[PDB]
Amino acid sequence: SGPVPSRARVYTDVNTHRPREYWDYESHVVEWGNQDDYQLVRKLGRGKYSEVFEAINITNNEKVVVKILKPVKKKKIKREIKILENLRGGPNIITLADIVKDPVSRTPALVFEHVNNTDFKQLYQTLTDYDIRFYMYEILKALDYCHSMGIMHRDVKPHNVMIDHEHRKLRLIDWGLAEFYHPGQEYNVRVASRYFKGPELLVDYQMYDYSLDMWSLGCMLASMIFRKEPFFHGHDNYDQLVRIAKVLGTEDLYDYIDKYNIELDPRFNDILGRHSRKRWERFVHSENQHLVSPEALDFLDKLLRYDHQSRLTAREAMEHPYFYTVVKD
Amino acid sequence: XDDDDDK
Ligand SMILES: *C(=O)CCCCCCCn1cnc2c(Br)c(Br)c(Br)c(Br)c21
């Protein structure tokens, strides 16, 4: 009775060998900067957790991005900050330059290095087969680093990947959902955006790990090489699992939930149906044929798997023949 | 976004 436990197959026990300070973010003391050093230029957007602005560091006259947090539990702000400090300097991790107290909101404001990002909707229409492989490898460097530091991103999606295409620069941003991986810990399944939620979240399996990020990256890859954005376009969280099952098949879905003794929400009874696994070539056509290769499909196939334990790790993914043609460094 | 976290 109850679900079967699960462990990450890599980087399992990294946090228990660190000192308590590394992962116990509740006791982290935030070192504050000076909010006067930054002038807000224009608002870039806002979600449920923050407001984001382009700003200028008035001292060195450099452009920055300021994330003004909305009031949330102090432990969650400390979690994002402690994760940003732990990962600072890592490959393709956005750099947290400063932390100030916003005088209006009275909440913390995070100052980030600026990236000349082109929005992904316009940019992805111009990416070549080589560009997709190049940037995918760059994303994998960031994911492998943070996984090796005991951290799941949990919100991998195009809007959290800043790309300066003119200078071949890529940064992984928005660590507000990131958590430390502790083996056997049951996590909140309400993470990531709908289109990039792993099946473990969609079936309410709480004991997931880094491999969640690899499913989300597989979603990004499928969307880029097939020119279908997003690839699994569910109308809600339940239709999202149906969308996956229409491509991967219901057989492997039931094998997955049976392995972990998971019981699906009975509202799937009348919507899930019976579907065979589709061959990837059905999504190939004249307009995306130049982005599809045997290597790309094998790689995608090893990422988009129901069983989180069977997906490629970030480190394994970088060894895939899909990246042989990419010049490194 | 489009979801929300606490754990
Ligand atoms: C869900 O509610 C998503 C709301 C997303 C708003 C994103 C705005 C753009 N953004 C956010 N952080 C950014 C950083 Br850090 C940098 Br650096 C840059 Br260049 C941008 Br455009 C950022």
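Below, read A as the first sequence line, B as the second, and so on, with proteins coming before strands; counting in each chain starts at 1. Just so you know, these numbers use all the heavy atoms, side chains as well, and skip hydrogens, waters and symmetry mates.
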Quiz item: Under the 3.5 angstrom rule, does the side chain of A/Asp164 hit a backbone N or O of A/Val115 as a donor-acceptor pair?
Solution: no
Quiz item: Are a donor atom and an acceptor atom from the side chains of A/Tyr260 and A/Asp307 found within less than 3.5 Å of each other?
Solution: yes
Quiz item: Taking the side chain as C-beta and beyond, is there a heavy-atom pair between A/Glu200 and A/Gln206 under 4.5 Å?
Solution: no
Practice problem: Taking the side chain as every heavy atom from C-beta outward, state whether A/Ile94 and A/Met162 have any pair of such atoms under 4.5 Å apart. | Solution: no
Quiz item: Is the number of heavy atoms from other residues, nucleotides or ligands within 6.0 Å of CG (A/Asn269) greater than 12?
Solution: yes
Self-check item: Modelled atom types, side-chain donor and acceptor of A/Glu62 and A/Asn57, under 3.5 Å
Solution: no
Quiz item: Going from NZ on A/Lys75 to CD1 on A/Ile77, what distance comes out if it is rounded to the nearest 0.5 angstrom?
Solution: 12.5 Å
Quiz item: Is atom CZ of A/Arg227 surrounded by more than 12 heavy atoms (other residues, nucleotides or ligands) closer than 6.0 Å?
Solution: yes
Quiz item: Are A/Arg267 and A/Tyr238 linked by a side-chain donor-acceptor pair shorter than 3.5 Å?
Solution: yes
Quiz item: Is the NZ or CZ atom of A/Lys328 positioned over A/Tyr137's six-membered ring, under 6.0 angstrom from the centre and within 45° of the axis?
Solution: yes
Practice problem: Starting from the C-alpha separation in whole Å, work towards a yes-or-no answer on side-chain contact (heavy atoms from CB on, under 4.5 Å) for A/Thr250 and A/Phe268. | Solution: CA-CA 12 Å; A/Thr250 44; A/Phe268 286 110; over 6 Å; no
Quiz item: Taking atom NZ of A/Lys70 as the centre, does the number of heavy atoms from other residues, nucleotides or ligands within less than 6.0 Å exceed 12?
Solution: yes
Self-check item: Heavy atoms of other groups near A/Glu263 CD, more than 12 under 6.0 Å
Solution: no
Quiz item: Between the side chain of A/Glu113 and the main-chain N/O of A/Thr95, is any donor-acceptor distance below 3.5 Å?
Solution: yes
Exercise. Start with the C-alpha distance between A/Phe323 and A/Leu140, add both sets of side-chain angles, then the distance that settles side-chain contact (heavy atoms from CB on, under 4.5 Å), and finish with yes or no.
Key: CA-CA 11 Å; A/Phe323 301 106; A/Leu140 282 167; 3.5 Å; yes
Self-check item: A/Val66 vs A/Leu110 side-chain heavy atoms within contact, under 4.5 Å
Solution: no
Self-check item: Stepwise side-chain contact (heavy atoms from CB on, under 4.5 Å) check, A/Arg243 with A/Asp239
Solution: CA-CA 6 Å; A/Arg243 295 309 186 101; A/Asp239 179 55; 3.2 Å; yes
Quiz prompt | Sidechain N-carboxylate O distance under 4.0 Å for A/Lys82, A/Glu85 | solution = no
Self-check item: Euclidean distance, A/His182 NE2 relative to A/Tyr187 OH, rounded to 0.5 Å
Solution: 5.0 Å
Quiz item: A/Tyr195 and ring-ring contact (aromatic ring centres under 6.0 Å, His included): which partner among A/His233, A/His235, A/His159?
Solution: A/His233
Quiz item: Would you call A/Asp301 and A/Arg277 a salt bridge, taking side-chain N to carboxylate O under 4.0 Å as the test?
Solution: yes
Quiz item: Given side chains that start at C-beta, do those of B/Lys7 and A/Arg190 come closer than 4.5 Å, heavy atoms only?
Solution: no
Practice problem: May I ask you to test the A/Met220-A/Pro158 pair for a side-chain heavy-atom distance under 4.5 Å? | Solution: yes
Quiz item: Side-chain donor-acceptor pair under 3.5 Å between A/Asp144 and A/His147, yes or no?
Solution: no
Practice problem: Show your reasoning for whether side-chain contact (heavy atoms from CB on, under 4.5 Å) applies to A/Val284 and A/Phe226. | Solution: CA-CA 6 Å; A/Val284 181; A/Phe226 297 131; 4.0 Å; yes
Quiz item: Any link between A/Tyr130 and A/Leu170 through a network of hydrophobic side chains (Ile, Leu, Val, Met, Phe, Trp, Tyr) touching at under 4.5 Å?
Solution: yes
Exercise. Using atom types as modelled and distance alone, determine if a side-chain donor or acceptor of A/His153 lies under 3.5 Å from a backbone N or O of A/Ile173.
Key: yes
Practice problem: Determine the interplanar angle of the A/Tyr181 and A/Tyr210 rings, folded into 0 to 90°, and report it as parallel if under 30°, tilted if 30 to 60°, perpendicular if over 60°. | Solution: tilted
Self-check item: Donor-acceptor pair between A/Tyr11 and A/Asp209 side chains, under 3.5 angstrom
Solution: no
Practice problem: Measure the shortest side-chain to side-chain distance between A/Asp204 and A/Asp265 over non-hydrogen atoms and say whether it is less than 4.5 angstrom. | Solution: no
Quiz item: Atom CG of A/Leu201 and atom CZ of A/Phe196: how far apart are they, to the nearest 0.5 Å?
Solution: 13.5 Å
Quiz item: Do other residues, nucleotides or ligands put more than 12 heavy atoms under 6.0 Å from A/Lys259 NZ?
Solution: yes
Quiz prompt | A/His320/A/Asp298 under side-chain hydrogen bond (donor to acceptor under 3.5 Å, both in side chains): CA gap, chis, key distance, verdict | solution = CA-CA 9 Å; A/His320 193 279; A/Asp298 177 66; 2.5 Å; yes
Quiz item: To the nearest 0.5 Å, what is the distance between CD1 (A/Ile132) and OG (A/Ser293)?
Solution: 9.5 Å
Practice problem: Indicate whether the side chain of B/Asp6 and that of A/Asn188 have a donor and an acceptor atom separated by less than 3.5 Å. | Solution: no
Quiz item: Could A/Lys78 and A/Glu26 be called an ion pair, given the rule that one side-chain N must be under 4.0 Å from one carboxylate O?
Solution: no
Quiz prompt | Considering all heavy atoms, the nearest A/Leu96-A/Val111 contact | solution = CD1-O, 3.4 Å
Quiz item: Checking A/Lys76 against A/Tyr49: charged group under 6.0 Å from the ring centre and within 45 degrees of the axis?
Solution: yes
Quiz prompt | Note, A/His275 side chain near A/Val247 side chain (heavy atom, < 4.5 Å) | solution = no
Quiz prompt | Interatomic spacing from CG in A/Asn160 to OG in A/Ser193 - rounded to 0.5 Å | solution = 9.0 Å
Practice problem: Decide whether A/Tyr208 and A/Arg154 meet the rule of one side-chain donor and one side-chain acceptor closer than 3.5 Å. | Solution: yes
Self-check item: Side-chain donor-acceptor contact under 3.5 Å, A/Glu179 with A/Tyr25
Solution: yes
Practice problem: Would you name the heavy atoms of A/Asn15 and A/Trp23 that are closest together and state the gap between them? | Solution: O-NE1, 2.9 Å
Quiz item: Is B/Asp5 salt-bridged to A/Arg79, cutoff N-O under 4.0 Å?
Solution: yes
Quiz item: Is it true that a side-chain atom of A/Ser27 and a backbone atom of A/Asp24 form a donor plus acceptor pair closer than 3.5 Å?
Solution: yes
Exercise. Test the A/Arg168-A/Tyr135 pair against the cation-pi criterion, namely NZ or CZ under 6.0 angstrom from the six-membered ring centroid and within 45° of the ring axis.
Key: yes
Quiz item: So how far is it from A/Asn237 CG to B/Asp3 CG, rounded to the nearest 0.5 Å?
Solution: 6.0 Å
Practice problem: Test A/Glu229 against A/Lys121 for salt bridge (charged side-chain N to carboxylate O under 4.0 Å, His left out), laying out the working first. | Solution: CA-CA 8 Å; A/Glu229 197 283 319; A/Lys121 300 176 181 181; 5.8 Å; no
Quiz item: Side chains of A/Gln309 and A/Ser6: do they bring a donor and an acceptor to under 3.5 Å?
Solution: yes
Quiz item: Is there a donor-acceptor pair closer than 3.5 Å between any side-chain N or O of A/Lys278 and the backbone N or O of A/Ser276?
Solution: yes
Quiz item: Would you say the side chain of A/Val52 lies within less than 4.5 Å of the side chain of A/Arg46, judging by non-hydrogen atoms?
Solution: no
Practice problem: Let me see the working for A/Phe180 and A/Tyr22 under ring pair (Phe, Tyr, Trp, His ring centres under 6.0 Å), right down to the final yes or no. | Solution: CA-CA 10 Å; A/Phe180 295 86; A/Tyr22 177 84; 5.8 Å; yes
Quiz item: Is it the case that A/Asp213 and A/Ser216 place a side-chain donor and acceptor less than 3.5 Å from each other?
Solution: no
Practice problem: Under the side chain to side chain contact (heavy atoms under 4.5 Å, CB included) rule, collect the residues that match up with A/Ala97, sequence neighbours excluded. | Solution: none
